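[1] Sequence first, structure after, both from an experimental entry:
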Amino acid sequence: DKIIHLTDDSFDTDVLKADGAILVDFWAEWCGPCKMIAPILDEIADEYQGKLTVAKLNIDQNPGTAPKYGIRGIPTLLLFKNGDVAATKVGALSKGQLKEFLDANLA
């Protein structure tokens, strides 16, 4: 619904050319922690509408994008502000932990 579903072709447009903040989630289907945080990312899209947009890129279906941001470990949450990484979070975390990360880097 409110979450952008990225591909390798849509990443520049959806992410790098966006006028505002976008939380990108680099994930895969076999990754248990990625699946842990997925419903938390749905809640965050709701609570932070007007402040931020959530986007997801699946690194198996789209294998070109991840090695440009040096990703070696999933889930990796990267926060962008007009196309530049502001903040990096590696591994699973809770709703409250993710909020705290957002509130402090939304800045």
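    Now that the structure is in, tell me what you want to look at. Residues are numbered from 1 along each chain as shown.
[2] give me phi/psi at residue 8?
    phi -60, psi -30 (degrees, to the nearest 10).
[3] Check the one 4 residues further on too.
    Here the main-chain torsion angles of residue 12 (degrees, to the nearest 10) amount to phi -60, psi -60.
[4] residue closest to the middle of this protein?
    residue 24 (1.8 Å; C-alpha atoms, centre = their mean).
[5] For that one, give me its contacts.
    When contacts are counted by C-beta atoms under 8 Å, 6 or more residues apart in numbering, residue 24 touches 6, 15, 55-57, 77-80. For the C-beta atoms, the positions are set from N, CA and C on the backbone; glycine is no exception.
[6] buried set for the longest helix seen in the chain?
    Using DSSP state H to define each element, the chain has its longest helix at helix 32-47. Buried residues in helix 32-47, counted by 16 or more other C-beta atoms under 10 Å: 34, 37, 40-41, 44-45.
[7] closest to residue 2 among those residues?
    For the buried residues of helix 32-47, the closest approach to residue 2 (C-beta to C-beta) belongs to residue 45, at 4.1 Å.
[8] picking that back up, now for the buried residues of helix 32-47: which two are most distant?
    Spatially, the most separated pair among the buried residues of helix 32-47 is 34 and 45, at 16.1 Å (C-beta to C-beta).
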